[PDB]
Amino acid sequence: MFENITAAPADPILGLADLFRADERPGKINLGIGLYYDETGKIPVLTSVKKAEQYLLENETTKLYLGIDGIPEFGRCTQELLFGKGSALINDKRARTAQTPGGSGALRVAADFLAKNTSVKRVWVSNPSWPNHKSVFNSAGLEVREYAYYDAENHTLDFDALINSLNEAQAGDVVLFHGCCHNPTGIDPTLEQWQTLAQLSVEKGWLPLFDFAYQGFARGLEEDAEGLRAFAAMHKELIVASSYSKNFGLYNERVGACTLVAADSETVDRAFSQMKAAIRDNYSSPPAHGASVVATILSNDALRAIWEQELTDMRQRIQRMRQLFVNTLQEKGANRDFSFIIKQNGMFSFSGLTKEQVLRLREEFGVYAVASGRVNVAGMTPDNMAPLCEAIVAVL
C-alpha cells in the first residue's frame, strides 16, 4: 500500500528545526522559527506559567475529558481578551469559543467547519503569506488566493494595491487578516485602515477570518485588538483563530482558540454545534494542561499582573534587539540602510535578504533564517549580535 508514496517536501519554516539539530557546529545562531529567547539565548518558561503549573499540581483532582469546546473559563477569558470586557458581542452572546490545540488547530477547525457547512470555496491571504495558511486551507479542500499587501520598495502596507487586488474577491469568499504583527512583514494596518477594511468587507460580503497569534507583541493587549474590534463592530459574522503560544510562551502545550461569531445567539449556537462536530471528527477534545494554565493566570489578579509584565518585558527586549540589530549592521558596514526594520511589529524582521543569501548564511555561517528573508529578532542577544551581523554583512 505504501510502496509508491512520494516523500513530502520540506516545510520552509518547520524544516529548519531538523537542519539546525543536524548542524554539529558550535556557535550557530537560530533566527528561524518564531520563538521568544531571553538574553541568555534560551527559550524560558514564564514565571507566571510555572506558578500556575504548581497550583494545578497541588489542586487538580481529575483528568476527566474536557467538553469538546474545552474549559468554559478559558473561553470566557479568551472572548474578553479578543473583544473587551463588556463588549456587545459578549453581552449579546453572539460568540462561541472552542479551545483548540494551538492557533494551528483553530485554523484547521475553522477550515473544516467552513468546508463542510457553508458555501465557502476560497480563502484570501496576503502576499507575502505565512505558509501554513495555504497548506491548512488546501488540506480542507479550499482554494487559496493572494492579495497584494506589502510594498517592498517603501517597506509599507500598499493599501491601494491591497484594496484593488481584493476587488477580485467574491461575496462569500473568506478574507484572512493577521490581528497584529503580520507574519512575516511586521506591517499592520493603522486603526483608520482597519476601519476602512471593515467597511469594505461588509460592503463586499467577505467572511473575515482573523489569525491572532501575537496579541500583546505590537503595542499591548488592548491596542493590538483594535483592528479585530473594528471588524467585530461592523460584522454579523467572523471567525478568530487565536493563540497563546507566544504571549504565554506555551508553544508545545498547544493552547489556542477558534471563536465563532454570528448575528445572534440562536445562529451562533446552531453553527457552533457543527464546529463541535468538526472537532469530534478530528481530535475529539482539546488538551487541558496548557489551557488550564492560561485560564488560571487570566482569572487570578495577582498571576495576571505578573504575566502581563512578563509579556511587556518580552516586547521591550525585542524592541531593544531591533534597534541594536540596525545599529550593529551599520557599524559592521552593511551596504543597505536597514532603518525600515524599526517600523516592523512583532518578533521578526522582514529583511530583504534573498533566498540565496539565507542559504549562504546557514551553510557558511551557521546563521539560520527563513528563505523568505524573515529573521527572528526575538532570537537575537547582545552576545550573538556581532557574529550574526558580521555574517549578514558578508553575504550582502
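All residue numbers are counted from 1 along the displayed sequence.
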item	value
Greater mean Cα temperature factor according to the PDB record, 158-166 or 134-142	158-166
320-328 set against 185-193, stretch whose average Cα temperature factor tops the other in the entry	320-328
Largest Cα B-factor, entry values, listed residues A152, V255, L228, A115	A152
Most elevated Cα B-factor in the entry, residues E39, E60, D69, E53	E39
Position of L64 among the chain's modelled residues by C-alpha B-factor, lowest, middle or highest third	lowest
Chain thirds of CA B-factor: placement of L303	lowest
Chain-wide C-alpha B factor ranking for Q99, given as lowest, middle or highest third	lowest
CA B-factor ranking of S48, expressed as a third of its chain	lowest
Ranked against its chain, the third holding the CA B-factor of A88	highest
